[PDB]
Amino acid sequence: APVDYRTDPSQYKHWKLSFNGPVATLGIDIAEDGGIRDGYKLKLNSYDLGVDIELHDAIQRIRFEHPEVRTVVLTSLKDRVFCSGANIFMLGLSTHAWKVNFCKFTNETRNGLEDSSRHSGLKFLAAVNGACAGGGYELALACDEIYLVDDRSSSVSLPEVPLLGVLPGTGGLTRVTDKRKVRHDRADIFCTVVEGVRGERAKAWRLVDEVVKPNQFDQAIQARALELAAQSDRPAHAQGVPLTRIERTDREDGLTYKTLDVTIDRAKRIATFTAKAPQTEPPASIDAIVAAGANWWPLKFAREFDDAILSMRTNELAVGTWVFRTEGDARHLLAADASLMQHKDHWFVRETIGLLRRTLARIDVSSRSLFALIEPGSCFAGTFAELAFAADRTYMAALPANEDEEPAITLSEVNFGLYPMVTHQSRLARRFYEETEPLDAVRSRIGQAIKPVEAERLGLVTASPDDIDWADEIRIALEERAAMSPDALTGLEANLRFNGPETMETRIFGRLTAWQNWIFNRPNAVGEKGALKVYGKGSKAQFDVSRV
Amino acid sequence: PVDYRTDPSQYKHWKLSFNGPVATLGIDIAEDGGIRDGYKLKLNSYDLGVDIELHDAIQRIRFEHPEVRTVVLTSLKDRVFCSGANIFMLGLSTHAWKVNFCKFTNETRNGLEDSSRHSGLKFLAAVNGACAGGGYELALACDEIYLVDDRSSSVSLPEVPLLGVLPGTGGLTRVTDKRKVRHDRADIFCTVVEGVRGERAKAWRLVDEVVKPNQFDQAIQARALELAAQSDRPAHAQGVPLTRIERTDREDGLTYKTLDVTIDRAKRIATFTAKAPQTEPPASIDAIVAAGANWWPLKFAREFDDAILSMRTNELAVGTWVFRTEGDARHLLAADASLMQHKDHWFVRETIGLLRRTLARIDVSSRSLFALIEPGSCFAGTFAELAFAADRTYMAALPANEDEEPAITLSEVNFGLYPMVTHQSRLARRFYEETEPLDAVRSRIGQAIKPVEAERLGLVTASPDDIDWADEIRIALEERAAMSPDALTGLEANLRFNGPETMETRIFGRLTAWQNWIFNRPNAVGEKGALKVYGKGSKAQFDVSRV
């Protein structure tokens with residue numbers, strides 16, 4: 001069945017949230033009977049996609065509904081286990097595509113903790129009591145600090161290689177090196193043994209930040225939480241903004257939201273996303289923005305778009321091309337952007353910018369081809385122009401015989417750094433290789449309605465076919481997209497979009513994930529006699545011992 | 001088994017011509033000269049054997065031709081420059097064969113750029129006919145690309161639409177990182193078979209100049225001379241002949257003058273024992289030049305490169321390499337001192353370059369690497385790189401016997417003379433460029449560091465006592481043989497490359513790992529996949545679903 005990423009705390013099976021002044025406590029309490037797919041139990045706080053769907057929502061709730069909260073303590077509500085990682089039985093029963101989506105989404109949820117540490121005024125403290133293994137340690141890694149109980153029952157481990165024949169692929173290796181700076185040969189030992197590291201050795205090797213005896217642990221966690229809270233600028237007095245349930249109509253051929261249509265052509269294998277500008281001028285003043293809350297256009301659009309991206313990634317694997325279109329009045333988009341820029345220091349506007357940033361950042365790493373079609377009547381302006389700059393190709397409709405009807409691309413300040421991709425660059429900076437001449441040229445033209453011929457001349461679009469050439473040029477490009485191997489297209493896209501600089505996050509989606517994917521498609525890990533499927537059976541996994 | 005040793009008298013596929021400062025390297029591939037059976041190499045398409053000759057030819061230019069300053073790469077076939085890796089050969093190759101072929105060919109091309117930076121050479125691709133796929137990937141690694149403007153000859157990367165694979169020999173990474181082709185233009189370029197010709201190829205940044213056929217040869221020679229003026233190579237020096245590499249092929253390994261490889265097939269371990277100069281190597285430049293190919297640092301570099309290539313290619317099930325050393329550290333340090341003192345001399349610089357490129361093959365090899373530092377060893381200077389390249393390094397503590405206890409001795413060469421493909425020294429990578437631990441080891445240059453200090457400084461993984469050594473090392477090796485090789489290679493690709501990325505790490509990382517995933521799936525390699533339908537007049541059958 002299809003996955004629905006919509007949930008709320010009243011529905012959580014796996015997490016408890018509680019609030020005590022500036023400290024939120026997020027308790028891991030996974031329901032063993034609560035698997036999102038069938039055929040497995042989730043024992044010992046092991047997890048699946050459904051657990052992460054709830055985790056993603058819980059962080060969203062803290063971000064938007066709890067402005068007065070400054071630190072989040074992540075802790076287990078189970079005896080003897082913090083988190084035992086991605087459920088091995090679940091992995092063994094999953095298709096290749098399901099695993100790859102599961103890795104990608106869980107990676108984005110974790111990247112999101114760090115995103116909020118940078119940009120939301122939040123800090124995350126992992127309070128680790130009991131076994132913290134594999135994905136358990138990968139989650140702790142994404143926190144700002146990790147405190148470990150100093151007793152025999154408490155350890156950190158990454159048993160994936162020796163136990164499962166796979167990597168710590170939820171960013172584990174990349175955080176061990178890039179974030180913790182664990183010396184690589186020590187990391188090798190850590191990643192090639194099942195028995196966990198404890199106490200002062202874990203701290204000495206840089207795997208955790210502090211270790212505390214059991215009788216002092218709770219007090220130490222709370223005191224550190226308050227120290228981390230002092231780093232924040234979040235308000236001492238503010239009511240939160242409830243994230244109301246997203247209204248969505250599911251159709252055989254797509255999805256309907258207030259701010260977004262998705263229409264699927266199953267024969268052509270194309271999903272067309274039509275993003276819709278604010279229907280009326282959005283509020284300029286902070287009091288009206290806050291009062292609008294989840295009905296404030298930039299937040300509403302971010303939420304609906306994120307839901308659509310996640311739904312289509314997960315539930316529509318054969319529909320390999322996404323087309324981006326827009327409709328509405330560019331003046332209302334530009335007014336929205338002006339309010340984002342003016343009020344960007346305000347906690348709520350800042351949080352909303354954060355969700356837009358994270359949501360758009362899902363696009364560049366999605367395994368779908370991306371074409372933006374800038375047709376007459378569209379409104380690729382400001383935030384919406386990011387849909388052009390994210391795309392593999394952008395075509396814009398020239399009308400030599402009817403120039404007054406030509407569409408325009410209109411840049412705003414948001415296109416110059418407000419929504420970095422995971423390379424940390426704006427999409428335009430990536431587009432022009434950070435070259436100052438073409439970037440200066442378009443910066444000079446912020447706010448101008450750039451028409452098709454000029455947009456092509458400035459390099460803002462791939463081509464601007466006229467009304468005679470348009471139909472065939474776009475149809476043929478889309479036919480070719482459907483006819484080529486999806487494997488080759490996704491690989492090509494992963495290299496062309498990430499056209500130079502690397503960061504911890506590009507390494508997570510690149511070097512780490514691509515190696516994991518190759519491992520995931522081979523019998524040593526996933527075969528009937530492989531490491532995942534023999535787990536718990538008392539038998540020896542059979543490996544092809546040859547190197548590649 | 002593959003033998004990587006060859007020489008110009010044996011070439012089937014290349015012609016070298018020497019005209020003063022300009023060497024012409026002519027592509028003239030023998031259709032019947034495939035290294036494996038079952039395919040012809042038509043229209044200057046290539047296989048591993050073609051690249052083995054190319055690698056040798058560049059080596060000959062480097063060492064035997066101090067007078068050469070520019071290398072013109074061109075085709076001796078009409079109509080075609082190079083049509084890329086042979087598609088029939090790809091369809092007939094195992095997964096492991098393809099992955100090794102991509103890796104070796106990538107290193108050959110990275111080596112052109114390595115010499116452009118460090119040898120005083122420049123490479124000019126004179127593209128005088130169709131230049132497709134691997135053909136364009138080779139041109140990309142040159143310093144400049146000149147395309148004949150003849151209304152026909154084109155550059156193309158048809159791999160995606162035609163083969164269902166990527167331009168995996170650095171093609172995509174050079175298109176973005178080196179040529180700076182706007183990514184959406186690159187997308188068009190990489191998803192059309194016919195490619196691009198004439199002025200548009202220049203405008204899109206795919207080539208540097210286009211010249212009409214009646215002026216082409218003149219323009220190529222003129223530009224070659226201009227690129228030659230940049231060099232400091234000495235026009236009046238004699239070359240150093242690269243004589244044969246003596247090697248005994250045994251059932252259980254390889255014997256070279258400066259290196260033993262011994263294979264334990266049951267344990268799946270190959271032990272490389274590198275040997276120091278047997279006596280003090282020459283300090284003077286004249287004596288170094290007179291020794292030539294027999295000069296220890298060059299001899300060792302060549303033998304070690306041959307062994308790495310041989311073991312990578314011919315011994316797939318032997319997943320762990322153990323590095324040991326033997327001989328006298330004083331002689332190693334004397335060799336290093338000569339390298340540092342004379343590094344501006346063309347021949348010494350060239351030898352440093354081969355050591356650099358050879359060591360740089362280690363970090364990207366799909367084998368686990370353990371360095372064992374035991375009594376009698378000499379992990380000193382250049383040889384200490386074998387410890388710093390390793391996934392783990394164990395050093396034998398002998399608290400009750402100091403004479404027998406080994407030492408690590410650093411020299412200047414450990415601080416940047418031999419960068420891995422991240423551009424870092426192995427020690428800089430090891431310590432995440434942290435100044436405290438690096439200062440602590442640099443200040444001990446030239447000193448014999450004993451096992452306890454070595455472990456405290458973080459230069460080794462562990463220094464086990466002699467009653468703990470046998471079991472600790474044996475268990476680590478048993479575990480290495482028992483774990484999945486797929487997971488180990490992936491692990492090693494992430495832990496060795498522990499932060500910074502470069503164009504070369506992107507070639508071996510982002511680009512190659514995606515290629516490898518594609519290579520292991522039926523859309524590309526299935527009986528009715530893209531490679532195998534080629535030329536058949538049928539349509540590939542694809543699973544259409546994205547991952």
Side-chain angles (χ1 to χ4, degrees), chain A residues 254-265 270-282 297-298 300-302 304-305 308-309 321-338 356 359-360 363 369-412 414-415 419 427-428 431 442 445-471 473-475 477-478, chain B residues 184:
Chain A
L255 303 168
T256 291
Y257 312 80
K258 180 201 187 72
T259 68
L260 178 64
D261 175 79
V262 182
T263 293
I264 302 167
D265 185 320
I270 300 169
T272 302
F273 289 68
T274 298
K276 302 177 176 190
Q279 289 172 21
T280 59
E281 193 190 354
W297 183 86
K300 184 172 215 83
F301 176 70
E304 295 183 345
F305 194 26
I309 288 169
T321 303
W322 292 353
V323 165
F324 295 139
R325 296 184 177 210
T326 61
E327 67 174 43
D329 189 340
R331 293 169 304 208
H332 299 157
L333 283 165
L334 296 178
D337 283 2
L356 285 158
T359 298
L360 289 168
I363 295 171
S369 297
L370 308 167
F371 278 17
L373 301 182
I374 307 185
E375 308 177 330
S378 59
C379 56
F380 282 82
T383 298
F384 271 12
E386 294 290 311
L387 299 178
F389 307 143
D392 301 299
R393 297 193 198 168
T394 301
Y395 291 100
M396 182 169 188
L399 303 173
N402 189 16
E403 280 181 343
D404 291 343
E405 288 301 316
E406 286 180 335
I409 291 177
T410 307
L411 304 176
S412 81
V414 312
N415 301 123
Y419 305 128
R427 291 176 183 82
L428 277 181
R431 186 178 182 84
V442 298
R445 293 161 169 84
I446 282 172
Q448 297 175 15
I450 307 171
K451 301 280 211 152
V453 168
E454 184 76 351
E456 195 279 339
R457 188 188 68 82
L458 292 161
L460 289 169
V461 304
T462 309
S464 290
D466 69 25
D467 50 296
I468 303 298
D469 298 343
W470 175 280
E473 183 163 351
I474 280 59
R475 179 177 52 80
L478 289 166
Chain B
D184 54 328

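Order of the sequence lines sets the chain letters (A, B, ...), proteins ahead of strands, with each chain counted from 1.
- Distance OG1/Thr263(A) to CG/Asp261(A): 3.5 Å, rounded to 0.5 Å.
- In this structure the side chain of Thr410(A) never reaches within 4.5 angstrom of the side chain of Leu333(A), judged on heavy atoms.
- Between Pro400(A) and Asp467(A) the shortest heavy-atom distance is CD-OD1, 3.5 Å.
- Between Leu260(A) and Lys276(A), the shortest heavy-atom distance links the atoms N-CD, 4.2 Å.
- Side-chain atoms of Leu411(A) and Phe389(A), non-hydrogen and from C-beta on, do get closer than 4.5 Å to each other.
- Taking a 6.0 Å sphere around CD of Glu473(A), one finds it holds more than 12 heavy atoms contributed by other residues, nucleotides or ligands.
- Here the shortest heavy-atom pairing between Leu356(A) and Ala302(A) reads CD2-CB, 3.6 Å.
- One N or O on the side chain of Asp337(A) and one on the backbone of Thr383(A) form a donor-acceptor pair closer than 3.5 Å.
- In this structure, CD on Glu281(A) lies 9.5 Å from CG on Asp329(A), to the nearest 0.5 angstrom.
- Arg427(A) places no side-chain N or O within donor-acceptor distance of the main-chain N or O of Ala385(A), the cut-off being under 3.5 Å.
- Formation of a donor-acceptor pair under 3.5 Å by the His332(A) side chain with backbone atoms of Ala277(A) is not found in this model.
- Closest heavy-atom contact between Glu327(A) and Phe384(A): O-CE2, 4.3 Å.
- Among all heavy-atom pairs drawn from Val442(A) and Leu458(A), the shortest one is CG1-CB, 4.2 Å.
- Here CG of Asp469(A) is found 11.5 Å from OG of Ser464(A). Values are rounded to the nearest 0.5 Å.
- Take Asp392(A) and apply the salt bridge (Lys or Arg N to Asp or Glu O under 4.0 Å) test, not counting sequence neighbours, and it matches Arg497(A).
- Counting heavy atoms from C-beta outward, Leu373(A) and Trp470(A) have side chains that approach closer than 4.5 Å.
- Between the side chain of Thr462(A) and the backbone N or O of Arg393(A), no donor-acceptor pair lies under 3.5 Å.
- Contact between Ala308(A) and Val262(A) at its shortest, heavy atoms only, is CB-CG2, 4.0 Å.
- Between the CZ atom of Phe305(A) and the CZ atom of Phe273(A) there is a distance of 6.0 Å, given to the nearest 0.5 Å.
- Taken to the nearest 0.5 Å, the CG atom of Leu387(A) stands 13.0 Å off from the CZ atom of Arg325(A).
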Open item on the list: If you apply the rule side chain to side chain contact (heavy atoms under 4.5 Å, CB included), what do you find for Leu478(A) with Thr321(A), and how did you get there?
Closed with: CA-CA 8 Å; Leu478(A) 289 166; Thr321(A) 303; 3.9 Å; yes
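- With hydrogens and angles ignored, the 3.5 Å screen pairs no side-chain donor or acceptor of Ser378(A) with any backbone N or O of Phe380(A).
- In this structure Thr259(A) satisfies the side-chain hydrogen bond (donor to acceptor under 3.5 Å, both in side chains) test together with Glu304(A), sequence neighbours excluded.
- Taken from OG1 in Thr326(A) to CD in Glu375(A), the straight-line distance is 9.0 Å, to the nearest 0.5 Å.
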TODO: In sequence, state the C-alpha distance, the side-chain angles, and the governing distance for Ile309(A) and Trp322(A), and then conclude on side chain to side chain contact (heavy atoms under 4.5 Å, CB included).
DONE: CA-CA 10 Å; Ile309(A) 288 169; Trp322(A) 292 353; 4.1 Å; yes
TODO: Take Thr394(A) and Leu460(A) through the side chain to side chain contact (heavy atoms under 4.5 Å, CB included) test and state the conclusion after the steps.
DONE: CA-CA 8 Å; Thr394(A) 301; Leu460(A) 289 169; over 6 Å; no
Please tabulate, one pair per line, all N/O donor-acceptor pairs under 3.5 Å involving side-chain atoms of residues 446-455 of chain A, not counting sequence neighbours.
from: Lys451(A); atom 1: NZ; to: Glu406(A); atom 2: O; distance (Å): 3.1
from: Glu454(A); atom 1: OE1; to: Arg457(A); atom 2: NE; distance (Å): 3.0
from: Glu454(A); atom 1: OE2; to: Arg457(A); atom 2: NH2; distance (Å): 2.7

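- Heavy-atom contacts from other residues, nucleotides or ligands closer than 6.0 Å to CZ of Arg331(A) number 12 or fewer.
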